[PDB]
Amino acid sequence: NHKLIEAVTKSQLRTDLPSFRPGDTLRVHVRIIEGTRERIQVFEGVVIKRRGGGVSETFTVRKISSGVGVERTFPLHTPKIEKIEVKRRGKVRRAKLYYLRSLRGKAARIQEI
Amino acid sequence: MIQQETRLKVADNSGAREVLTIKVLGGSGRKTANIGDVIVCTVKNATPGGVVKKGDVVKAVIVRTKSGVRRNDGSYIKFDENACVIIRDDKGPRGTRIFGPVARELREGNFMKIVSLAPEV
Amino acid sequence: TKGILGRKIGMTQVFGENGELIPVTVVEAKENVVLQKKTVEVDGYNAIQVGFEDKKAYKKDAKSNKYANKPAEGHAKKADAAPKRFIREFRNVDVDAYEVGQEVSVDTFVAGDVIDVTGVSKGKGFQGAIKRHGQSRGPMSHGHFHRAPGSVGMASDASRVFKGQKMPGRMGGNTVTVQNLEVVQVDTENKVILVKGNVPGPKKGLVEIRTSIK
Amino acid sequence: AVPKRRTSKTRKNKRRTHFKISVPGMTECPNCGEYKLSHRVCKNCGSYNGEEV
Amino acid sequence: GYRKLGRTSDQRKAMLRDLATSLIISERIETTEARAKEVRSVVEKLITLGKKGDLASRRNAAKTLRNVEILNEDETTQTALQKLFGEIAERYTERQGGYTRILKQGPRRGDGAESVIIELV
RNA sequence: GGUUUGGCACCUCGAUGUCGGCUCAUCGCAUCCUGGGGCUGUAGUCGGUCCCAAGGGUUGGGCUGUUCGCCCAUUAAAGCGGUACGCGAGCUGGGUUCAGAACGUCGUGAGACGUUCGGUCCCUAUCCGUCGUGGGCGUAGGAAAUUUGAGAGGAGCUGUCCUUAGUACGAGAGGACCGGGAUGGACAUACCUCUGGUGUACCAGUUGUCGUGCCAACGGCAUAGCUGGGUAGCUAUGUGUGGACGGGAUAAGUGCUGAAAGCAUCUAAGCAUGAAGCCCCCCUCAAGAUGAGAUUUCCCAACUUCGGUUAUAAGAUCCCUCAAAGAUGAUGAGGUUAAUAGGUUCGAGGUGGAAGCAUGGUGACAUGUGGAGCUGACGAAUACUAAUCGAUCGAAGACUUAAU
C-alpha cells in the first residue's frame, strides 16, 4: 500500500489463522462478556463475503437459526475470535454468494468437493 | 431502520400477527429506531383466540431487524425479518413464549424477561 | 503545549487493548525546525515559527518552486537550517524553544489527548444550492421545482436582497479545525502520529496539530 | 427579460476593455531564420532542434 | 475512463481501433491534439503483445485491431495483424517503452484544432 | 394597537390581475418552552397568577379546495401577529371567474342565482440587489514569505436515568430544592478505515443474428442487449467532532449603612449581590483599515547635463507536461541541476480457473497442468517518449521641521 500505513500496522496484524475461500462452512469461537464468567460461545455457518482489503478485511458467515436466518460479520484480526476451524469445503463458482439470501432449505445447499 | 408506518411481525403468542407502526417514542422529530426501543403499534391482523383483538393501540419493542446493530468490537449482525414483542404497561412481555432468536443487544438490566425466554440470544 | 506540522497519509484502524476498535489517521511529521522567535522585546506578540519538509538550496536558472530563492534562503540561514517549504507559526507556547533552529520532537505528544487538527478542507468545487447548503428540493413528479432555490427575499416592501442569502458558488476550501481528538500511538523511525478519527484535508495535505484550548 | 433603457456609448466602450486578443508568443527558428510559434515545428524548412524535425 | 472525447462511450471504443490499425500501416498520421494524447496509450499497449509472440497474444491482440490488407510487399499480401509480429515487433525488441511521439503542427484552418503528428519512434 | 368585518373613493382601468399549501426567509413582544424573581387560600410533588427576558427551539398524520377548525399518537413546547392577508419574470392551478352539459328553483319567454363532471398558467436578465471569482492602479525604491485584528460574520436548544435520599416536609398516600455524574433526540461541520449506494475504456456467465473461408477461438448490434460481482472517486442511512467552563458590567428582585422627616426607611450622597440576555472567551473572513500598519530576508551602475533617462539585478510570466485545484482565468505540483504525465517492469485491490494440449465419456460437458489468466483512476521503480531553442515585463529611492 503506502508503505508507511503498512509499516505501522504490522503489530496489529494478527496471523495464526487457517486459510479458506467462500463456499466453506466454518466454526467460530467468539469471547462474549455476557455473564458471571466471560464465556466462549460458538457460531456455525457458511461464509459469504471477502477476506481482503489489508488490515481491515472482514468475512461474513450466515446460518439458519430457528427458521429466521441470521448473519454475522467479523473483523478478521480481532482479539475476540478465539480460533477458527473448518467443517466442509464447497465448490461455488463465485466470489461473493448473495444468492443464498433468498433460497429456502434444499435450494440453499452447496455440494462438497 | 424502522419508520412511521412500516409493518412488523409479532414474535410471540400474545394473540396477534402483523402490526403497523404509529409513532416512534423518544425525542421529538424522531424518524427511525432500531433494536431495543419502544414504539406504538396497532394490530392490523390477529389470531382468533387471543387476548389482543384487531384495531388496538399497543406498544412493542423492536427485537429483530434487517439493518442490525454495530457492537463494540466492530461485529455486525443482520437478521432477515423484522419482528417485535407486545409489551405491557410496566416492562414485561404480554405473551408467554417467543418464537425466534432475539438480538444479543437487547438487555441492559431492563428487559430481563424477553432474553430469559428466547431459544437463543 | 506546542504543536507540530503534518502531512496526511491515510486512514486505517487499530484495536484497543480492551477489545474496542479505533479508526485512526496516519499523520507523518518529518523534519521540523524552529525558524525564529517573535517576542515582545522587538515589535509585537509572543510566538515561535516552525517549518516543514525542506527544499533544495538554490540554482541560477531556478525555474519553479522546487528550489529556494534568495529572499527565502537568508531567512533560513540565521537559524542555520535547510530552506523549509511549508512555513507556519504557533502562538501560546513556552520559550523552551531556542530561537536558533532546534528540531521539534514528535515524542512530545505521547499521551496528550487534547488535539486540534487545523487542515484546509477538501475543496469540492461542485456548486449548487442543494449540495452546498443542504436545502430541500421540490416534488419530482407532481410539480416542477426539481432542484432550485426559492424566494431570495420577501417582496416589494423590501425591494432588495439582504446581504447574506444562500446562493450557488464555489464550495469547499475554507480552513476548518476539529476539536478534542485524542492520540493513539506515537512513533520514532517513521515519525508518525496516529490521531484518532478523521482530519480535514485531502491526502498529501497539511495539518497543524496543536494542544486544545477548552 | 428585455432592457429597460438604451445602454449608452460610455457604458458600451467600458464593457469591452477586456475584449481583445493576445500576442501569439513567437520565437526565432534558428536554422531557417524565420518566426515560428513556440513548441511547434516550422512551416518552411525547419528543424525542431531538440528533435531535428 | 481514461479521457472521453465527445463520443458516446460506444464510438470512442471503435474510434481508437480506427487510429491504431492505421498507424501501424502508414507509420504516421495527422490528427487533432486529444485524439493523439490517447492513441499513444493504445498502440504502446499493443507492440507489447508483439514482443511476446504467443498463440494467446496473436488472438488477444486481434480484438483491438481491424482486418485490413496491405499489397506492396512487392506484390504479396500482409494483413495488419501480420505487419505486427513482424517488421514492427522486431524494430523495437530492445526499447522498453516509449514507442511514439507527438509533433505539434499548428492550428488548422476553419476549425481551430491544434493539429499534431504522431509517429512511431 | 391597525391583524378582522367595515366607512371615505386619494393612487393605478394605453393591466395594481385574485385563495391555501410546498421552497426559502426575515422581523415585533402583548412569551407557548427553557433562564432569574415577587405574592399565594404555597406542607411535599404538582400548580395558579403578575413583573424582568427575543438567545435558540416550536412534531409526525387522517377528513376538507380550505381559511378557520374537530380528532388520533407523541413532546421540554406544539406561541400569537407584520412583511402587496410575505414569496406565481421561483413552483403548484385543486380552487374562484370563460365557451360545453345536467339537476333544484325562479322566468309565459331568450335566459338566471345554490350544488355538479370537464376545462392552454408566456419571456434568451440591460441597470440596482445578492453569491462566487479574476485583471488595473494605489499604500514614495523594487521583490519573496510570515502575521497583529479596526471592525464584521458563525454558534447559542434540551430530554431522561442513577446518586445525595426513600433523607427534608407529611395523618397517610406520595416525595424534593441546591449540587455530582453517565447516556440519547433534533441541528450544524468534517471525512471514506468500517456496514452499504453509484461505479458507461474493469472481470465473468448467456439468448438472437451477420462478419473474421470453415471446427476451435473472438469482434459488431439489440437501453450499457440482459443478468452476477466490482478498485479509485464522489456520497449517507455509515464513522469521528461540536454547543464546554469561566470572567467583567447590568434588568426585575433581595440587600447593608444612612438623612431629608430626633423614629422609620434598599438611596438622594456611599456600598454589596443578581438571568439562557449584553460585552469578551471558542471557531472563520479581514490592512482598498486611502487612518492603506508590523517583523525577518534579498537585489544597490554605468550614463548624460535629459533638471532626468535606457536597461538589467532580486523577483514573477507568456509557452509546453499535469493535478491534491478547476466553467474560463486563479491556486498548487514540475520544465534536462528533471520523476510532472505516458509507456515499462513489480505489487496491492477486483474477478474466480484463460487459451492450447494431455486424460475420462455415445455426446452435452467434467478433471489435471495452475489461486490460473486478464486487470480504468491507488503504491513503488527506471529517463525509453514528450516537457526543446527561446522571449516579454521589472529598482535607482521627492519635500519640510524638531532629533543624531
# chains A, B, ... in the order shown; residues from 1 in each chain; ligands from 1
>>> interface_residues(of="chain D", to="chain E", cutoff="12 Å", atoms="only C-alpha atoms", output="PDB file with N, CA and C atoms, in the first residue's frame")
ATOM      1  N   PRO D  24       0.860  36.193 -30.092  1.00  0.00           N
ATOM      2  CA  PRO D  24       0.960  34.737 -30.271  1.00  0.00           C
ATOM      3  C   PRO D  24       2.028  34.066 -29.423  1.00  0.00           C
ATOM      4  N   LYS D  36       8.469  31.356 -35.847  1.00  0.00           N
ATOM      5  CA  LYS D  36       7.530  30.260 -35.695  1.00  0.00           C
ATOM      6  C   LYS D  36       6.926  30.332 -34.308  1.00  0.00           C
ATOM      7  N   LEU D  37       5.754  29.737 -34.174  1.00  0.00           N
ATOM      8  CA  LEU D  37       5.083  29.664 -32.888  1.00  0.00           C
ATOM      9  C   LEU D  37       5.798  28.630 -32.026  1.00  0.00           C
ATOM     10  N   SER D  38       6.090  28.972 -30.770  1.00  0.00           N
ATOM     11  CA  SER D  38       6.970  28.157 -29.934  1.00  0.00           C
ATOM     12  C   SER D  38       6.337  26.813 -29.596  1.00  0.00           C
ATOM     13  N   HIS D  39       7.199  25.827 -29.328  1.00  0.00           N
ATOM     14  CA  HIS D  39       6.867  24.409 -29.151  1.00  0.00           C
ATOM     15  C   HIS D  39       6.158  23.806 -30.356  1.00  0.00           C
ATOM     16  N   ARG D  40       6.247  24.425 -31.528  1.00  0.00           N
ATOM     17  CA  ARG D  40       5.737  23.852 -32.760  1.00  0.00           C
ATOM     18  C   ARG D  40       6.861  23.754 -33.776  1.00  0.00           C
ATOM     19  N   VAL D  41       6.591  23.008 -34.835  1.00  0.00           N
ATOM     20  CA  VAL D  41       7.526  22.835 -35.933  1.00  0.00           C
ATOM     21  C   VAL D  41       7.424  24.015 -36.888  1.00  0.00           C
ATOM     22  N   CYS D  42       8.350  24.099 -37.844  1.00  0.00           N
ATOM     23  CA  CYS D  42       8.348  25.177 -38.822  1.00  0.00           C
ATOM     24  C   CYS D  42       7.528  24.791 -40.044  1.00  0.00           C
ATOM     25  N   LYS D  43       6.791  25.762 -40.585  1.00  0.00           N
ATOM     26  CA  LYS D  43       6.016  25.531 -41.799  1.00  0.00           C
ATOM     27  C   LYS D  43       6.863  25.640 -43.053  1.00  0.00           C
ATOM     28  N   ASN D  44       8.028  26.253 -42.956  1.00  0.00           N
ATOM     29  CA  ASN D  44       9.007  26.258 -44.029  1.00  0.00           C
ATOM     30  C   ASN D  44       9.952  25.073 -43.821  1.00  0.00           C
ATOM     31  N   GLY D  46      12.684  23.659 -41.721  1.00  0.00           N
ATOM     32  CA  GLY D  46      12.919  23.931 -40.324  1.00  0.00           C
ATOM     33  C   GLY D  46      12.938  22.710 -39.439  1.00  0.00           C
ATOM     34  N   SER D  47      13.917  22.681 -38.550  1.00  0.00           N
ATOM     35  CA  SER D  47      14.053  21.622 -37.569  1.00  0.00           C
ATOM     36  C   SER D  47      13.305  21.988 -36.294  1.00  0.00           C
ATOM     37  N   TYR D  48      13.027  20.970 -35.490  1.00  0.00           N
ATOM     38  CA  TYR D  48      12.547  21.230 -34.148  1.00  0.00           C
ATOM     39  C   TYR D  48      13.693  21.580 -33.212  1.00  0.00           C
ATOM     40  N   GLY D  50      15.463  20.248 -30.931  1.00  0.00           N
ATOM     41  CA  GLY D  50      15.717  19.354 -29.827  1.00  0.00           C
ATOM     42  C   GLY D  50      15.427  17.971 -30.354  1.00  0.00           C
ATOM     43  N   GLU D  51      14.848  17.948 -31.558  1.00  0.00           N
ATOM     44  CA  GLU D  51      14.407  16.735 -32.240  1.00  0.00           C
ATOM     45  C   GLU D  51      14.765  16.700 -33.720  1.00  0.00           C
ATOM     46  N   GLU D  52      15.180  17.833 -34.313  1.00  0.00           N
ATOM     47  CA  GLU D  52      15.608  17.966 -35.717  1.00  0.00           C
ATOM     48  C   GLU D  52      14.492  17.601 -36.696  1.00  0.00           C
ATOM     49  N   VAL D  53      13.276  18.060 -36.406  1.00  0.00           N
ATOM     50  CA  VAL D  53      12.120  17.801 -37.264  1.00  0.00           C
ATOM     51  C   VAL D  53      11.617  19.084 -37.914  1.00  0.00           C
TER      52      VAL D  53
END
>>> closest_atom_pairs(of="chain B", to="chain C", cutoff="12 Å", atoms="only C-alpha atoms", output="CSV")
residue,atom,partner,partner_atom,distance
B:70,CA,C:21,CA,11.4
B:71,CA,C:20,CA,9.2
B:72,CA,C:20,CA,5.6
B:73,CA,C:20,CA,5.1
B:74,CA,C:21,CA,6.5
B:75,CA,C:21,CA,10.0
>>> interface_residues(of="chain A", to="chain B", cutoff="7 Å", atoms="only C-alpha atoms", output="number ranges by chain")
A: 66, 68-75
>>> write_last_selection(atoms="N, CA and C atoms", output="mmCIF file, in the first residue's frame")
data_model
loop_
_atom_site.group_PDB
_atom_site.id
_atom_site.type_symbol
_atom_site.label_atom_id
_atom_site.label_comp_id
_atom_site.auth_asym_id
_atom_site.auth_seq_id
_atom_site.Cartn_x
_atom_site.Cartn_y
_atom_site.Cartn_z
ATOM 1 N N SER A 66 -33.413 -20.721 13.650
ATOM 2 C CA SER A 66 -34.621 -21.426 14.057
ATOM 3 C C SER A 66 -35.773 -21.044 13.147
ATOM 4 N N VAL A 68 -35.543 -18.325 11.064
ATOM 5 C CA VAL A 68 -35.163 -16.988 10.628
ATOM 6 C C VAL A 68 -33.650 -16.951 10.506
ATOM 7 N N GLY A 69 -33.155 -16.568 9.331
ATOM 8 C CA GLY A 69 -31.722 -16.561 9.103
ATOM 9 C C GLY A 69 -31.039 -15.374 9.755
ATOM 10 N N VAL A 70 -29.791 -15.580 10.164
ATOM 11 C CA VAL A 70 -29.016 -14.545 10.827
ATOM 12 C C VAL A 70 -27.698 -14.421 10.073
ATOM 13 N N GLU A 71 -27.051 -13.265 10.198
ATOM 14 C CA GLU A 71 -25.730 -13.044 9.630
ATOM 15 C C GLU A 71 -24.829 -12.426 10.681
ATOM 16 N N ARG A 72 -23.528 -12.629 10.517
ATOM 17 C CA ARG A 72 -22.519 -12.050 11.392
ATOM 18 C C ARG A 72 -21.315 -11.699 10.546
ATOM 19 N N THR A 73 -20.781 -10.501 10.740
ATOM 20 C CA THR A 73 -19.583 -10.038 10.057
ATOM 21 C C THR A 73 -18.511 -9.788 11.102
ATOM 22 N N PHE A 74 -17.326 -10.350 10.895
ATOM 23 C CA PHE A 74 -16.267 -10.228 11.877
ATOM 24 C C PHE A 74 -15.050 -9.553 11.268
ATOM 25 N N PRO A 75 -14.402 -8.630 11.972
ATOM 26 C CA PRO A 75 -13.072 -8.200 11.541
ATOM 27 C C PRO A 75 -12.091 -9.318 11.817
#
>>> residues_around(residues="residue 58 (chain E)", least_positions_apart="6", cutoff="12 Å", atoms="only C-alpha atoms (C1' of nucleotides)", output="PDB file with N, CA, C and O atoms (P, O5', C5', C4', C3', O3' and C1' of nucleotides), in the first residue's frame")
ATOM      1  N   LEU E  46       0.175  -2.410 -27.433  1.00  0.00           N
ATOM      2  CA  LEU E  46      -0.122  -3.342 -28.497  1.00  0.00           C
ATOM      3  C   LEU E  46       1.118  -3.781 -29.248  1.00  0.00           C
ATOM      4  O   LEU E  46       1.062  -4.782 -29.959  1.00  0.00           O
ATOM      5  N   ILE E  47       2.226  -3.060 -29.129  1.00  0.00           N
ATOM      6  CA  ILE E  47       3.516  -3.611 -29.510  1.00  0.00           C
ATOM      7  C   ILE E  47       4.059  -4.472 -28.375  1.00  0.00           C
ATOM      8  O   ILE E  47       4.932  -5.319 -28.604  1.00  0.00           O
ATOM      9  N   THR E  48       3.549  -4.293 -27.156  1.00  0.00           N
ATOM     10  CA  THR E  48       3.906  -5.173 -26.051  1.00  0.00           C
ATOM     11  C   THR E  48       3.412  -6.586 -26.312  1.00  0.00           C
ATOM     12  O   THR E  48       4.112  -7.559 -26.017  1.00  0.00           O
ATOM     13  N   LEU E  49       2.243  -6.720 -26.939  1.00  0.00           N
ATOM     14  CA  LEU E  49       1.810  -8.032 -27.398  1.00  0.00           C
ATOM     15  C   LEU E  49       2.636  -8.522 -28.578  1.00  0.00           C
ATOM     16  O   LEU E  49       2.600  -9.712 -28.888  1.00  0.00           O
ATOM     17  N   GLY E  50       3.387  -7.636 -29.233  1.00  0.00           N
ATOM     18  CA  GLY E  50       4.262  -8.030 -30.320  1.00  0.00           C
ATOM     19  C   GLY E  50       5.580  -8.605 -29.887  1.00  0.00           C
ATOM     20  O   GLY E  50       6.186  -9.376 -30.632  1.00  0.00           O
ATOM     21  N   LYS E  51       6.041  -8.241 -28.704  1.00  0.00           N
ATOM     22  CA  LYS E  51       7.315  -8.721 -28.210  1.00  0.00           C
ATOM     23  C   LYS E  51       7.190 -10.093 -27.572  1.00  0.00           C
ATOM     24  O   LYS E  51       8.202 -10.780 -27.406  1.00  0.00           O
ATOM     25  N   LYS E  52       5.970 -10.504 -27.225  1.00  0.00           N
ATOM     26  CA  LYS E  52       5.729 -11.836 -26.685  1.00  0.00           C
ATOM     27  C   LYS E  52       5.732 -12.882 -27.794  1.00  0.00           C
ATOM     28  O   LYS E  52       6.533 -13.820 -27.778  1.00  0.00           O
ATOM     29  N   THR E  64      -8.466  -5.772 -30.756  1.00  0.00           N
ATOM     30  CA  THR E  64      -8.312  -4.318 -30.769  1.00  0.00           C
ATOM     31  C   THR E  64      -7.686  -3.836 -32.072  1.00  0.00           C
ATOM     32  O   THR E  64      -7.053  -2.783 -32.103  1.00  0.00           O
ATOM     33  N   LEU E  65      -7.843  -4.595 -33.152  1.00  0.00           N
ATOM     34  CA  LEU E  65      -7.341  -4.215 -34.465  1.00  0.00           C
ATOM     35  C   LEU E  65      -8.324  -4.669 -35.529  1.00  0.00           C
ATOM     36  O   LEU E  65      -9.061  -5.636 -35.338  1.00  0.00           O
ATOM     37  N   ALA E  80      -2.871  -6.672 -41.396  1.00  0.00           N
ATOM     38  CA  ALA E  80      -2.342  -5.772 -40.374  1.00  0.00           C
ATOM     39  C   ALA E  80      -2.020  -6.468 -39.067  1.00  0.00           C
ATOM     40  O   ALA E  80      -1.263  -5.920 -38.270  1.00  0.00           O
ATOM     41  N   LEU E  81      -2.580  -7.647 -38.813  1.00  0.00           N
ATOM     42  CA  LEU E  81      -2.085  -8.428 -37.690  1.00  0.00           C
ATOM     43  C   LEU E  81      -0.699  -8.977 -37.986  1.00  0.00           C
ATOM     44  O   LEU E  81       0.132  -9.099 -37.081  1.00  0.00           O
ATOM     45  N   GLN E  82      -0.420  -9.270 -39.248  1.00  0.00           N
ATOM     46  CA  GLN E  82       0.853  -9.836 -39.648  1.00  0.00           C
ATOM     47  C   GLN E  82       1.901  -8.780 -39.954  1.00  0.00           C
ATOM     48  O   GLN E  82       3.060  -9.139 -40.164  1.00  0.00           O
ATOM     49  N   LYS E  83       1.544  -7.497 -39.982  1.00  0.00           N
ATOM     50  CA  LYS E  83       2.572  -6.472 -40.116  1.00  0.00           C
ATOM     51  C   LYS E  83       3.243  -6.230 -38.783  1.00  0.00           C
ATOM     52  O   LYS E  83       4.447  -5.974 -38.724  1.00  0.00           O
ATOM     53  N   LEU E  84       2.475  -6.319 -37.712  1.00  0.00           N
ATOM     54  CA  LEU E  84       2.998  -6.578 -36.391  1.00  0.00           C
ATOM     55  C   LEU E  84       3.393  -8.055 -36.315  1.00  0.00           C
ATOM     56  O   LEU E  84       3.062  -8.837 -37.205  1.00  0.00           O
ATOM     57  N   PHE E  85       4.115  -8.430 -35.247  1.00  0.00           N
ATOM     58  CA  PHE E  85       4.731  -9.760 -35.076  1.00  0.00           C
ATOM     59  C   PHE E  85       5.678 -10.016 -36.240  1.00  0.00           C
ATOM     60  O   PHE E  85       5.689 -11.094 -36.831  1.00  0.00           O
ATOM     61  N   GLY E  86       6.457  -9.008 -36.589  1.00  0.00           N
ATOM     62  CA  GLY E  86       6.969  -8.902 -37.935  1.00  0.00           C
ATOM     63  C   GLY E  86       7.900  -7.724 -38.040  1.00  0.00           C
ATOM     64  O   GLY E  86       8.828  -7.613 -37.242  1.00  0.00           O
TER      65      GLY E  86
ATOM     66  P     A F 217     -14.589 -22.392 -28.271  1.00  0.00           P
ATOM     67  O5'   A F 217     -13.671 -21.120 -28.512  1.00  0.00           O
ATOM     68  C5'   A F 217     -12.532 -20.885 -27.699  1.00  0.00           C
ATOM     69  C4'   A F 217     -11.555 -19.945 -28.365  1.00  0.00           C
ATOM     70  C3'   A F 217     -11.906 -18.472 -28.311  1.00  0.00           C
ATOM     71  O3'   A F 217     -11.555 -17.867 -27.084  1.00  0.00           O
ATOM     72  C1'   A F 217     -11.296 -19.051 -30.511  1.00  0.00           C
ATOM     73  P     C F 218     -12.565 -16.830 -26.397  1.00  0.00           P
ATOM     74  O5'   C F 218     -12.128 -15.415 -26.982  1.00  0.00           O
ATOM     75  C5'   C F 218     -13.088 -14.397 -27.240  1.00  0.00           C
ATOM     76  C4'   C F 218     -12.765 -13.645 -28.509  1.00  0.00           C
ATOM     77  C3'   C F 218     -13.696 -12.503 -28.880  1.00  0.00           C
ATOM     78  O3'   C F 218     -13.445 -11.307 -28.169  1.00  0.00           O
ATOM     79  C1'   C F 218     -13.301 -13.836 -30.781  1.00  0.00           C
ATOM     80  P     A F 355     -10.607 -21.461 -22.054  1.00  0.00           P
ATOM     81  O5'   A F 355      -9.722 -21.643 -23.359  1.00  0.00           O
ATOM     82  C5'   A F 355      -9.832 -20.729 -24.434  1.00  0.00           C
ATOM     83  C4'   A F 355      -8.486 -20.383 -25.015  1.00  0.00           C
ATOM     84  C3'   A F 355      -7.753 -21.498 -25.735  1.00  0.00           C
ATOM     85  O3'   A F 355      -8.213 -21.702 -27.059  1.00  0.00           O
ATOM     86  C1'   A F 355      -6.271 -20.415 -24.267  1.00  0.00           C
TER      87        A F 355
END
>>> residues_around(residues="residue 29 (chain E)", least_positions_apart="4", cutoff="12 Å", atoms="only C-alpha atoms (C1' of nucleotides)", output="list in words")
residues 18, 19, 20, 21, 22, 23, 24, 25, 33, 35, 36, 39, 100, 101, 102, 103, 105, 115, 116, 117, 118, 119 and 120 of chain E
>>> write_last_selection(atoms="N, CA, C and O atoms", output="short mmCIF file (atom, residue, chain, number, x, y, z; two decimals), in the first residue's frame")
data_model
loop_
_atom_site.label_atom_id
_atom_site.label_comp_id
_atom_site.auth_asym_id
_atom_site.auth_seq_id
_atom_site.Cartn_x
_atom_site.Cartn_y
_atom_site.Cartn_z
N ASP E 18 -9.76 2.56 -35.10
CA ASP E 18 -9.57 3.10 -36.44
C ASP E 18 -8.32 3.96 -36.55
O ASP E 18 -7.91 4.27 -37.67
N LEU E 19 -7.75 4.37 -35.43
CA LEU E 19 -6.47 5.07 -35.42
C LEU E 19 -5.30 4.14 -35.18
O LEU E 19 -4.21 4.41 -35.67
N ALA E 20 -5.52 3.07 -34.43
CA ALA E 20 -4.43 2.14 -34.15
C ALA E 20 -4.05 1.35 -35.39
O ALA E 20 -2.88 1.31 -35.77
N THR E 21 -5.03 0.74 -36.06
CA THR E 21 -4.73 -0.07 -37.23
C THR E 21 -4.39 0.75 -38.47
O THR E 21 -4.08 0.15 -39.50
N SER E 22 -4.48 2.07 -38.43
CA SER E 22 -3.97 2.91 -39.49
C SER E 22 -2.70 3.64 -39.09
O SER E 22 -2.21 4.47 -39.85
N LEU E 23 -2.16 3.35 -37.91
CA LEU E 23 -0.85 3.86 -37.52
C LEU E 23 0.24 2.81 -37.64
O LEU E 23 1.38 3.16 -37.93
N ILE E 24 -0.09 1.53 -37.49
CA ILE E 24 0.91 0.51 -37.79
C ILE E 24 1.17 0.40 -39.28
O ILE E 24 2.19 -0.16 -39.67
N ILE E 25 0.29 0.93 -40.12
CA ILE E 25 0.43 0.82 -41.57
C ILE E 25 1.18 2.02 -42.13
O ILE E 25 2.26 1.87 -42.72
N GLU E 33 -5.15 17.20 -31.40
CA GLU E 33 -4.38 17.03 -30.17
C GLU E 33 -4.90 15.90 -29.31
O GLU E 33 -4.16 14.98 -28.96
N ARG E 35 -7.15 13.53 -29.88
CA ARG E 35 -7.22 12.20 -30.48
C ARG E 35 -5.88 11.51 -30.49
O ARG E 35 -5.81 10.33 -30.83
N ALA E 36 -4.79 12.22 -30.16
CA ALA E 36 -3.45 11.66 -30.18
C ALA E 36 -2.71 11.91 -28.87
O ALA E 36 -1.48 11.86 -28.85
N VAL E 39 -4.17 7.79 -28.24
CA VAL E 39 -3.73 6.68 -29.08
C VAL E 39 -2.27 6.33 -28.82
O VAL E 39 -1.82 5.25 -29.19
N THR E 100 6.20 6.06 -29.33
CA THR E 100 5.54 7.10 -30.12
C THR E 100 6.06 8.47 -29.71
O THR E 100 6.69 8.64 -28.66
N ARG E 101 5.74 9.47 -30.53
CA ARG E 101 6.00 10.87 -30.20
C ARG E 101 4.94 11.73 -30.86
O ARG E 101 4.27 11.31 -31.79
N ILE E 102 4.80 12.96 -30.37
CA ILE E 102 3.73 13.86 -30.80
C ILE E 102 4.34 15.21 -31.18
O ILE E 102 4.93 15.89 -30.34
N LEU E 103 4.17 15.59 -32.44
CA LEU E 103 4.79 16.78 -33.02
C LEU E 103 3.70 17.77 -33.39
O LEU E 103 2.87 17.49 -34.26
N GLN E 105 1.81 20.61 -35.09
CA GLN E 105 1.92 21.33 -36.36
C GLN E 105 1.52 22.79 -36.21
O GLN E 105 2.34 23.70 -36.33
N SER E 115 -3.52 20.81 -34.47
CA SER E 115 -3.14 19.59 -35.16
C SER E 115 -1.80 19.08 -34.66
O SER E 115 -0.91 19.86 -34.34
N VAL E 116 -1.67 17.76 -34.56
CA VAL E 116 -0.42 17.11 -34.21
C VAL E 116 -0.15 16.00 -35.21
O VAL E 116 -1.02 15.56 -35.95
N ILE E 117 1.10 15.56 -35.23
CA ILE E 117 1.52 14.39 -35.98
C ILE E 117 2.07 13.40 -34.99
O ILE E 117 3.05 13.69 -34.30
N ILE E 118 1.44 12.26 -34.90
CA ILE E 118 2.01 11.16 -34.13
C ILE E 118 2.78 10.29 -35.10
O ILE E 118 2.43 10.18 -36.28
N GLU E 119 3.89 9.73 -34.64
CA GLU E 119 4.69 8.84 -35.45
C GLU E 119 5.42 7.87 -34.54
O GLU E 119 5.76 8.20 -33.40
N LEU E 120 5.63 6.66 -35.04
CA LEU E 120 6.32 5.63 -34.28
C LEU E 120 7.82 5.93 -34.26
O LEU E 120 8.43 6.16 -35.30
#
>>> interface_residues(of="chain F", to="chain E", cutoff="12 Å", atoms="only C-alpha atoms (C1' of nucleotides)", output="PyMOL selection string")
chain F and resi 199-202+211-212+217-221+224+232+320-321+341-345+354-356+373-374+376-377+382-388
>>> atom_distance(atom1="CA of residue 93 (chain B)", atom2="CA of residue 107 (chain B)")
13.2 Å
>>> residues_around(residues="residue 8 (chain A)", least_positions_apart="2", cutoff="12 Å", atoms="only C-alpha atoms (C1' of nucleotides)", output="JSON, numbers by chain")
{"A": [1, 2, 3, 4, 5, 6, 10, 11, 12, 13, 55], "C": [9, 10, 11, 12, 13, 14, 24, 25, 26, 27, 28, 184, 185, 186, 187, 188, 189, 190, 191, 192, 193, 194]}
>>> residues_around(residues="residue 57 (chain A)", least_positions_apart="3", cutoff="9 Å", atoms="only C-alpha atoms (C1' of nucleotides)", output="short mmCIF file (atom, residue, chain, number, x, y, z; two decimals) with C-alpha atoms, in the first residue's frame")
data_model
loop_
_atom_site.label_atom_id
_atom_site.label_comp_id
_atom_site.auth_asym_id
_atom_site.auth_seq_id
_atom_site.Cartn_x
_atom_site.Cartn_y
_atom_site.Cartn_z
CA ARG A 50 -14.38 -11.38 1.29
CA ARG A 51 -11.13 -11.86 3.15
CA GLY A 52 -9.19 -8.98 1.57
CA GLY A 53 -8.61 -5.27 1.94
CA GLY A 54 -5.46 -5.14 4.06
CA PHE A 74 -16.27 -10.23 11.88
CA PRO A 75 -13.07 -8.20 11.54
CA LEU A 76 -10.55 -10.92 10.84
CA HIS A 77 -7.85 -9.69 13.25
#
>>> select_by_dssp(residues="chain E", states="strand (DSSP E)", output="list in words")
residues 28, 29, 30, 31, 32, 69, 70, 78, 79, 100, 101, 102, 103, 104, 105, 106, 107, 114, 115, 116, 117, 118, 119 and 120 of chain E
>>> interface_residues(of="chain C", to="chain F", cutoff="6 Å", atoms="only C-alpha atoms (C1' of nucleotides)", output="ChimeraX atom specification")
/C:11-13,70-71,74-75,143-145,150-151,154,160-161,167,169,197-198,200
>>> atom_distance(atom1="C1' of residue 97 (chain F)", atom2="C1' of residue 19 (chain F)")
12.6 Å
>>> interface_residues(of="chain D", to="chain F", cutoff="9 Å", atoms="only C-alpha atoms (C1' of nucleotides)", output="number ranges by chain")
D: 1-7, 18, 23-30, 38-39, 48-51
>>> select_by_dssp(residues="chain E", states="helix (DSSP H, G or I)", output="ChimeraX atom specification")
/E:16-20,23-26,39-41,48-52,56-60,62-64,80-83
>>> residues_around(residues="residue 49 (chain A)", least_positions_apart="3", cutoff="8 Å", atoms="only C-alpha atoms (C1' of nucleotides)", output="MDAnalysis selection string")
chainID A and resid 22 58:61 95:97
